[PDB]
There are 6 protein chains.
Amino acid sequence: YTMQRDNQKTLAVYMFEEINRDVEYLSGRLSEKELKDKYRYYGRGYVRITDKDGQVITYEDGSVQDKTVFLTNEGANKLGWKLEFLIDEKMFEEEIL
Amino acid sequence: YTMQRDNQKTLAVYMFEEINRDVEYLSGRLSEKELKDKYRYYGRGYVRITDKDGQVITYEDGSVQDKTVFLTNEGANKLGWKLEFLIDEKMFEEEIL
Amino acid sequence: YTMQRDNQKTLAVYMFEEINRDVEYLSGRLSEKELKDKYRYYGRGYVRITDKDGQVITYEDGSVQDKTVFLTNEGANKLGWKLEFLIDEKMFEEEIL
Amino acid sequence: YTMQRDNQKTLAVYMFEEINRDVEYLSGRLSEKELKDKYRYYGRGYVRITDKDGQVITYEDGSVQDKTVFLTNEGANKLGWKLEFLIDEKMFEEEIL
Amino acid sequence: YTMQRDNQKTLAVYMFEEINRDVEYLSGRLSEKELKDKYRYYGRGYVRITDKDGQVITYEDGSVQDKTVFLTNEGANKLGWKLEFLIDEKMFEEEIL
Amino acid sequence: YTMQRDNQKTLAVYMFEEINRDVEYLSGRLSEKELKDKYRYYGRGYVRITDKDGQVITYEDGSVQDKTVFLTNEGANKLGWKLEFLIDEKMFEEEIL
Ligand SMILES: [K+]
Ligand SMILES: [K+]
Ligand SMILES: [K+]
């Protein structure tokens, strides 16, 4: 067990508990199509952290071509990092239909 | 704007705030390389949600070739959903090196 | 100052912080009308707590004429309390229009 | 299901989980009078958001005459909003006895 | 830096943020003595974790002579751990005076 | 029941729920030595709040000689408070072996 692993654990557990808590309440109210549509993209987004000189800190793979920057945080980070939140373009494509 | 977008916005802001707060406190103590290392995989993990009949709810594209399941939640979800948290196998490979 | 006041203070600050943070991020993307619409009913919902013998614990004045129960929690509370979350029926009426 | 509804859901669930978690711990320790007195006003407070020109964004009804501003947030919101947290005057009247 | 250190850092930052936020809101309303009184024991409580075989997991030095168990959690932990929250008996002594 | 007690309750419950949630996930994955080593010092750290004139607001006892300042917050508090987070020196001594 390492710090990196414990940090991943904390994100995972955040998401697990949110998903389970939500379902406990919404299952009767929303249809299956509704709840499944709600969770389709949940958690799929990631932050690309770019350092102050343009060097990407976040590990990325070839997938990135199919992702779209949805939200941006700039000028807030004390090391001059830029944070971009990227989600599947497929989500926007399905919304448009 | 939609509910889905707002949900994405909530995950985004959670991670933007976490990253910026941490950097504010750790900046002095850790080296840039140490913080970069800390954030290399931060937020790259995602959940794969499977319903009780084995049908995947989460959008999936590409392959899980280079992914590994870090954590699983089963038996907790009201709908019988299984939740798996997947991360880059590269992270684990790099821990070896 | 009392415990009750401090509890009220905690709910207050939670909502003040949520509103201000959201506005900070969404300001650019959404129109003022869109954000106003988003916040029209934000925090107007309240809980009505009923004990296991049907006696209401929450202060109530006025009438529930123009309220609707949006969400209920039963069978979870250690004391056998039932919890109902009530919101303005106007919100739902306006969703129709 | 809409964004507005999901947002209400998030407030409701916050309150439900807090109330139930608290009761799980305090029921043995506090008397019934104690815990019921603690929850009498819990969640009844709301924020009145006023825009930068004096126009109230929050929906309000006639009830407002029986409410009292307990806490105020000003100069923090990036759209120049003023946030006022209002609770039943009845709470202050009962404290004074 | 280690996982243990990072965990300590997370508890630290939680309390730093809580203290500073509260002071920001309560500063005007309460007197310095009132806020000082509020924070006299804030964060001095600690948990003692005992495994199912009665062996203490938490580091302990000194004595519990002048401590009191304020809250206990049993029967909830997957490993059969018992959790006790210990605070200065002085706090309770001062509430009498 | 007083505000001070309710505030202690909130810290206690935060820690209890974190410890139990973590164990629910990590017990299978980490060894007993691992999880027990993780929790050895958890919650043992405290904040020493010093007012703007050098007067310590936090109650402290003789124990303090065996504690070490791990993290510091300065210049953020609106009353000019200094916050120092102190942990057992024993933790650092065990890390070094
Ligand atoms: K992700
Ligand atoms: K309310
Ligand atoms: K502590």
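Values below: every heavy atom of this structure, side chains too, minus hydrogens, waters and symmetry copies. We name chains A, B, ... by the order of the sequence lines, and we start the count at 1 in each one. Just so you know, ligand 1 is whichever comes first in the structure, and atom 1 is the first atom listed for that ligand.
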NZ or CZ of A:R40 within 45° of B:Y59 ring axis and under 6.0 Å: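 Ring-cation test returns no.
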
Residue B:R44, metal the K ion (ligand 1), N/O/S under 3.4 Å: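 Looking at B:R44, which is the residue asked about, there is no N, O or S atom under 3.4 Å from the K ion (ligand 1).
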
Does one side chain, of [X] or [Y], offer a donor that lies under 3.5 Å from an acceptor on the other?
{"X": "D:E94", "Y": "D:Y41", "answer": "yes"}
{"X": "E:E84", "Y": "E:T72", "answer": "no"}
{"X": "A:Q4", "Y": "B:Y42", "answer": "no"}

Short N/O/S contact of E:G45 with the K ion (ligand 3) (below 3.4 Å):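 For E:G45, the answer is yes, given that an N, O or S atom comes within less than 3.4 Å of the K ion (ligand 3).
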
Contact check: C:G43 to the K ion (ligand 2), N/O/S below 3.4 Å: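 Coordinating: yes.
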
